[PDB]
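Asks: Starting off with a structure, shown below.
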Amino acid sequence: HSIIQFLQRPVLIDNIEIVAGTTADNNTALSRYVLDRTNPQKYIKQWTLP
Amino acid sequence: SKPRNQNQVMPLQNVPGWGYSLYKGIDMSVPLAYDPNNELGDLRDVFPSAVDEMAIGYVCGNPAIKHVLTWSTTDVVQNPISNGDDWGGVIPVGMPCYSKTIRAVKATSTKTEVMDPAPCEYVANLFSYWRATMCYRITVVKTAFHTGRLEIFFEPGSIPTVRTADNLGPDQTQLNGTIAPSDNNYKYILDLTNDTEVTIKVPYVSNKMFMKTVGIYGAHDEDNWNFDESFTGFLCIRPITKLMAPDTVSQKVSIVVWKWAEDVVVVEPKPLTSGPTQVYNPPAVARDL
Amino acid sequence: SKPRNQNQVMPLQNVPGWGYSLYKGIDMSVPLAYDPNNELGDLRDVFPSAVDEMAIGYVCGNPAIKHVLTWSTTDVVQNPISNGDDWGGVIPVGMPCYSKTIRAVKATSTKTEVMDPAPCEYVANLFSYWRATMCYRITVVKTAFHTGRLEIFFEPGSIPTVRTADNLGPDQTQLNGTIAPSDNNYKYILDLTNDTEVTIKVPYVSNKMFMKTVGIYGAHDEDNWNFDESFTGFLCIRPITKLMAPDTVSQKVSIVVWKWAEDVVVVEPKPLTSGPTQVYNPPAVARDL
Amino acid sequence: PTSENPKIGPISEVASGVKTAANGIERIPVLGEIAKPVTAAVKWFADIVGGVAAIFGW
Amino acid sequence: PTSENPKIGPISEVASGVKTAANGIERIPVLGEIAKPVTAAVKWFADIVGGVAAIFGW
Amino acid sequence: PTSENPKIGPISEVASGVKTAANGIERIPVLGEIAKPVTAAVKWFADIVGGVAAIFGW
Amino acid sequence: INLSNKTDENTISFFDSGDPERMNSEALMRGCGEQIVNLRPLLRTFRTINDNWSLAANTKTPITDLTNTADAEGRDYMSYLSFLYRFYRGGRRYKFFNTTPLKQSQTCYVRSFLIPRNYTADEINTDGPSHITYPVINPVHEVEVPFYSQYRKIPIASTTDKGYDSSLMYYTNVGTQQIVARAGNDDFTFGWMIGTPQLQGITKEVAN
């Protein structure tokens, strides 16, 4: 296997477990408006690439 | 060797910057370059995509979510689903925006209105009049054990509104099956037994060749004409059959609605707004202005 | 006999000197001559050479000596030869200049920095960005009784530097075979048994289409980014085998390095420098300014 | 094109090579909107590779 | 047309397709006074349907 | 050369007669960069040897 | 019935209407006179970013001091549309219409130079190509900036590098006030299409 092929290998990065009725950022729904930076859109996970 | 002039006297006009607002013409801009014929190459291997992302059909063809409603087992039949989001059940058909929130901060209380536009609305805000075929993808977030019948019908003309001092909203009392029968309205009855989705294209119909791009901008109890004149009508989403769900699943489902436009036409390159195009930059905290 | 005008009203702009900074165009300069079609002939039998000495490939193709190093029998292996000249062993790969001396004269002490440019560097100083294939001729001044092995390897990216208040220089401690192995670097191992010379062309490689022509101009501990961004990398000349020499010859040799450029491209006709292009006119004595 | 001005337009129109309603939702290849590759189609590049006397200062 | 000005008129004359004394009382079809239908006869429409490179900004 | 200006360039381009990459290191004969020998190729010299009426003041 | 949650891709249109392009073209022929099908032409148009930009005499001003705000505002098309994209390329054009209400000197002249983006005037020479106008005979200073770049594309975000693309430096021997309009050259455009930001509408003060 070349280096390219080695880099085309799927890698497990994260593993998330969302639970209902948690009211956490993982289950907080996308908001209609964003009026302040203190009330941003909440995300489950974030990944800086590459 | 030095003959005489035989040309006539040219009439002229010292009008610099003639047609600078047009897109076509020969520009008198001096290039701070070496070659007057300076010109970049074509766009091969510049952007990640060789597609033209600047065409109106590619921008207004990018859908965005505008409605996420909550259809509970209590929702009455032939009543618009008004739980979960603003403008509940009603969908003003048009490229302009219909929804806005008011940020009120402080003596006094300064109020600025914010919009949540899809790319079609972002584009329409740049012009005075529009004309397009509006396309809506109505998806239901459910399981294989939720069943129900959903009625999506188109009503032309103005919308029943509960007009406020700073905003407009639909009057859900004038949209019940008693006051607003769907028997003489184009509609699509959707079964949720197994399917979840229907895309609905609404062609352009109006007594005008072009509608306005104002929408909800400055719309309230006193300023309400342009809003009504900015849309061809509205869709209403009402249950034909109550939501059916055992106690092993959720007693509610979420109705997601994507919005985009096709066969688009924009008329005037000037907005119809009181003020200019301005982007809302959310401040750091809720105290700022 | 005297008909009427049928021409339209020309729109105009009183913009004298339009495009005078360009090289191509029709000049409105009035000739203090007899003939408007005054024009000299071609260049046959004017200059000693019918060659075009004004082409960038003929100027940047004129090599010049930039390094004269002293390789003693004490020089350690896999250590850059840093004796004899500045920027010892290290060769920043690029058309700009990398070496400068400070003339400090006087109360106060006025400091002006002087450069030692080859024709390629002289040309590059006239532009903002460059791109070229850099060619180096590495000659060794020795006899038939000196032997040794010389390693010339290319390292891309910024250079290890000992930054001063007025200049920059290489850190010879971060270029030893321990910290800087040449095992994964393009290189050429040269035997000195009989040969003395190898010409090395370094194509252009970088994450930029064009590098900067600033170089060492104003480069010091505080201003150091543009210098690093003005070169594609650097060569390092390290002994693979200690210098071998009997006591009948010199215990040292001189390593002469010529520099020129090929496949040259210059981008902007404006320098990137704080100030203009200025030629250093050496004063009569060391007291002048 | 019926125009009472002898100069029908400000500029000389260049053909594209596009087979799509420009205001439609279907993709448009941006390379078919104009031909400006690395060829004599570009003015200065044609000047260079054709060796005109102006690139030398004559 | 005998004119001592090389430019006989300010504009380029366009033909109509009319068979009537213009100052007469008989009706004149206003569509035969000029041809400007939805065709390449109109400049911008020809620009669009011919896919010129200017409608894209090139 | 694709140009939306009818005047593609400010000047009329003159051919050289050069077989070299102009930015290359190989020599370029400066006489092949333009043809301006002692011939009718030069305007005033052609005026003289062709005996035009302007060199006499007419 | 079979237990499943699926998607059949059902699509419906609500009217037996004629071809939309027919109707659209008729409506344009009758009420617009033109057809906008792309948004680059709007970058070829000139639009105002400031009606009053005051300058101090004998001062080399980089136009970044103005564009760095005129881009976040969203008033012009080069700014409004930038909020939809992440890249851009190509050069730019600026026009300066004189609005000076006083005579400062017997000879007022305006001059424009090049400069790397995000630089200061004390960081660059005044050599290179230039354009000079005299507002009294020509009150419109039109200039174009090419795409002199180390990169084939330029992002609309902050970078570690500086001076990787060209900009404009503006000079005047007197205090001038100007209307500034900008636009893109025949080669400017944007890149990725991304989502929209939120828009600002009418503002009101209320003495609650």
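Scheme for the structure tokens: letters A, B, ... for chains in order shown; per-chain residue numbers from 1; ligand numbers from 1 in order shown.
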Got a sec to pull out which chain C residues are within 9 Å of chain B, counting only C-alpha atoms, and send them as number ranges by chain?

Replies: C: 5, 7-14, 18-19, 21-25, 268-269

Asks: Return as an MDAnalysis selection string the full set of residues in range 75-122 of chain G whose backbone-based DSSP assignment is strand (DSSP E or B).

Replies: chainID G and resid 87:89 92:98 110:116

Asks: Just want the 10 Å neighbourhood of residue 245 in chain C, counted on only C-alpha atoms, with same-chain residues fewer than 4 positions away dropped. Output as a short mmCIF file (atom, residue, chain, number, x, y, z; two decimals) with C-alpha atoms, in the first residue's frame.

Replies:
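As a result, out-v6.cif now contains:
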data_model
loop_
_atom_site.label_atom_id
_atom_site.label_comp_id
_atom_site.auth_asym_id
_atom_site.auth_seq_id
_atom_site.Cartn_x
_atom_site.Cartn_y
_atom_site.Cartn_z
CA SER C 72 39.57 23.83 6.54
CA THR C 73 40.77 20.38 7.58
CA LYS C 142 41.90 23.06 -4.72
CA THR C 143 44.64 20.87 -6.18
CA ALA C 144 44.82 17.28 -7.38
CA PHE C 145 45.90 16.28 -3.85
CA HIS C 146 42.87 17.57 -1.95
CA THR C 147 40.08 15.02 -1.59
CA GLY C 148 36.74 15.11 0.15
CA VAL C 249 49.46 21.60 0.09
CA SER C 250 47.16 24.08 1.80
CA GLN C 251 45.14 22.81 4.75
CA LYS C 252 42.09 24.60 3.32
CA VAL C 253 40.23 25.20 0.08
#

Asks: Step one, run DSSP on the backbone; step two, keep only residues of chain E assigned to helix (DSSP H, G or I); then write them as a ChimeraX atom specification.

Replies: /E:43-49

Asks: For N, CA and C atoms, I'd like the residues from the last selection saved as a PDB file, in the first residue's frame.

Replies:
ATOM      1  N   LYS E  43     -31.901  43.655 -28.604  1.00  0.00           N
ATOM      2  CA  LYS E  43     -30.475  43.492 -28.346  1.00  0.00           C
ATOM      3  C   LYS E  43     -30.226  42.622 -27.122  1.00  0.00           C
ATOM      4  N   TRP E  44     -30.838  42.966 -25.988  1.00  0.00           N
ATOM      5  CA  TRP E  44     -30.574  42.215 -24.766  1.00  0.00           C
ATOM      6  C   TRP E  44     -31.131  40.799 -24.854  1.00  0.00           C
ATOM      7  N   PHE E  45     -32.269  40.621 -25.523  1.00  0.00           N
ATOM      8  CA  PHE E  45     -32.825  39.280 -25.661  1.00  0.00           C
ATOM      9  C   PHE E  45     -31.944  38.411 -26.548  1.00  0.00           C
ATOM     10  N   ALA E  46     -31.410  38.988 -27.625  1.00  0.00           N
ATOM     11  CA  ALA E  46     -30.440  38.270 -28.442  1.00  0.00           C
ATOM     12  C   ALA E  46     -29.196  37.939 -27.634  1.00  0.00           C
ATOM     13  N   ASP E  47     -28.739  38.882 -26.811  1.00  0.00           N
ATOM     14  CA  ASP E  47     -27.604  38.626 -25.935  1.00  0.00           C
ATOM     15  C   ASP E  47     -27.863  37.421 -25.044  1.00  0.00           C
ATOM     16  N   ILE E  48     -29.070  37.328 -24.489  1.00  0.00           N
ATOM     17  CA  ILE E  48     -29.390  36.229 -23.583  1.00  0.00           C
ATOM     18  C   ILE E  48     -29.444  34.912 -24.345  1.00  0.00           C
ATOM     19  N   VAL E  49     -30.347  34.819 -25.325  1.00  0.00           N
ATOM     20  CA  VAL E  49     -30.586  33.547 -25.997  1.00  0.00           C
ATOM     21  C   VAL E  49     -29.418  33.097 -26.856  1.00  0.00           C
TER      22      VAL E  49
END

Asks: If I take CA of residue 132 in chain C and CA of residue 231 in chain C, how far is one from the other in Å, to one decimal?

Replies: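 Calculated distance between CA of residue 132 in chain C and CA of residue 231 in chain C is 10.7 Å.
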